[PDB]
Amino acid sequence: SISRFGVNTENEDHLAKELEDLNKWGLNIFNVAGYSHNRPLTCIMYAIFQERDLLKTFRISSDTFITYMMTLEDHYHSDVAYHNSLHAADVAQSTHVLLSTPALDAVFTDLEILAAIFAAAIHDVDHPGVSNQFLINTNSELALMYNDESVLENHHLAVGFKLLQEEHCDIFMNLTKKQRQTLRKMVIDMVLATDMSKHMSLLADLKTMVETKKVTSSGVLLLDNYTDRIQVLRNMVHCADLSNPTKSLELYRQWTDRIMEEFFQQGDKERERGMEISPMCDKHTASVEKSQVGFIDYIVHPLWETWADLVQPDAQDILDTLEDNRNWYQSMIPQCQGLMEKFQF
């Protein structure tokens, strides 16, 4: 069971049936959690690494891998409504699918692939369930440590890398020095690019890149160098981090409930401290359906449209689902600055 899934489970057969969808956008990670004793991140990372032969390629012990992943998953907070191990697992599995998009076939090195999925796994570790801006506004120790810049993203990185230095946790021991160095650099790059306040400038740079794209006669992207590759990978991970609205409505709605609960819990903190309640964080004046439509139309669609343009035609299904979900939320609205502000500056 451990050998098969990297986790103990009372229903191996149900877990195995769900993991049949490992390479699919339609994987249901909530079910994976339910059949893995709420170890979705360890489970999904083990599955992904076996699928891609990454433990063989990089000589990573499977036991050491399970040990690291368990401590990493333990460092996600169960009582944080959205930014917990289920979201990390989702981003990792979503990154895993995006890496296999036909337009990117054989484009990336194995180390690049390793770096993207590892980054996905660690990108929100030890999230406190309050935003960067909250941490800045409350004079937090983390904001003081990190000089107000990508405060949590720097913290997620430091925690993720520090766990590797625990006894029996160094999954990269068998990499060469040069490999370790390159991997570190790439992971730092990608996790720092998940700072939502970089969304606009990241999208601008991606469009610029997409203007210059060239493909083979088979539709495969031609990337000139490292610089172009890591740019696609940053953006890939960002897209995986804003993929909830591109999943089935059933899944999207569960994600939305969770991020609203998280925001509302921060707004209750802010209220208790006599602070102005941040946009999206006031449960008494929230308009959830309307905000999702604006989120999609101004942030998530523009990003996915640029991504879809890059990997044309691979991502049309994703765009169609996103539109369809937008239509649903729009139909459920009962009879702009706060939005856009979390995604720029």
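Take the two forms, find the largest set of C-alpha atoms that superpose within 1.5 Å, and that set is the rigid core. Position 1 is the first residue in the sequence shown; the rest follow in order.
Taking 220-228 and 95-103 in turn, the stretch whose Cα atoms are more displaced from the shown form in 8 other deposited structures of this protein following rigid core superposition is 220-228. Taking the root mean square of CA deviations in 8 other deposited structures of this protein after fitting on the rigid core, 43-51 and 278-286 differ, and the farther of the two is 278-286. Notably, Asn23 is never a gap: all other compared entries of this protein, restricted to those modelling both its neighbours, have coordinates for it, so the one-third criterion is not met. In at least a third of the other compared PDB entries of this protein that cover both flanking sides, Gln335 is left without coordinates. In this entry, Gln335 is separated from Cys336 by 10 or more residues of the deposited sequence that have no coordinates.
Stretches 307-315 and 44-52 differ in mean CA B factor, with 307-315 having the higher one. On average the C-alpha atoms of 276-284 have higher B-factors than those of the other stretch, with 276-284 and 24-32 being the two compared. The PDB entry gives the largest Cα B-factor of the residues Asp189, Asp110, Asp205, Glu73 to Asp205. Going by the entry's values, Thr216 shows the largest Cα B-factor out of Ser248, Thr182, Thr194, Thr216. Ranked by C-alpha B-factor against the other modelled residues of its chain, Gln133 falls in the middle third.
When the modelled residues of the chain are ordered by C-alpha B-factor, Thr176 sits in the middle third. Compared with the other modelled residues of the chain, the Cα B-factor recorded for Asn84 ranks in the lowest third. In this PDB entry, the Cα temperature factor of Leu163 sits in the middle third of its chain's modelled residues.
In the deposited entry, the Cα temperature factor of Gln292 sits in the middle third of values across the chain's modelled residues.
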